[PDB]
Amino acid sequence: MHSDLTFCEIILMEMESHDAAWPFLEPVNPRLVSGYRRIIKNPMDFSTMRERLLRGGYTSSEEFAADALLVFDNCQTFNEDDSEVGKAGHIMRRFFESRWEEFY
Ligand SMILES: CCc1c(-c2csc(CCNC)n2)[nH]c(C)c1C(C)=O
Ligand SMILES: [Mg+2]
């Protein structure tokens, strides 16, 4: 489990400092985005994964992968592919699948 959680730390750090990460650093504010609360049932963002990972609330790397994927699934549910946020989500998702697969 040590190697699981430590690569989780690596990939999370790299997502946090990635150029295209700007939409996903903090929770979406439903007051600012019309219709978000109604459409996205389980919001997720990199700072929430950071909190949980630091507290140790991820038992395996698979749950960490679940939260990251949830970030990008929400992104694609709410945002147009050609929107700025959608484009950044695609760069970040491709990034994450890529970094995940070259380890596991
Ligand atoms: C379009 C709003 C949005 C942002 C957004 C736009 S601007 C910004 C600054 C955050 N501070 C680093 N976040 N992100 C996500 C995941 C959004 C949606 C609706 O899915
Ligand atoms: Mg999926």
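Start at 1 with the first residue, then count along the sequence. Each ligand, and each atom within it, is numbered from 1 in the order the structure gives. Heavy-atom basis, side chains included; hydrogens, waters and symmetry copies ignored.
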For ligand 1, which of its N or O atoms have a protein N or O partner closer than 3.5 Å, and how long is each gap?
residue, atom, partner, partner atom, Å
ligand 1, 14 (N), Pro23, O, 3.0
ligand 1, 20 (O), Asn79, ND2, 2.9

Any pair counted as side-chain hydrogen bond (donor to acceptor under 3.5 Å, both in side chains), so long as it reaches [range], sequence neighbours left out:
range	result
residues 28-40	none
residues 15-24	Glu16-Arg50
residues 70-82	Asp81-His90

Quiz item: Which of parallel (below 30°), tilted (30 to 60°) and perpendicular (above 60°) describes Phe72 and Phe46?
Solution: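 Perpendicular: the ring planes of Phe72 and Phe46 meet at over 60°.
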Quiz item: Under 4.0 Å between a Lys/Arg side-chain N and an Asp/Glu carboxylate O for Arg94 and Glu97?
Solution: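 Judged by the 4.0 Å cut-off on N to carboxylate O distance, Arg94 and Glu97 do not form a salt bridge.
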Quiz item: Looking only at side chains, do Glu51 and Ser47 share a donor and an acceptor under 3.5 Å apart?
Solution: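 Absent: no donor and acceptor within the cut-off.
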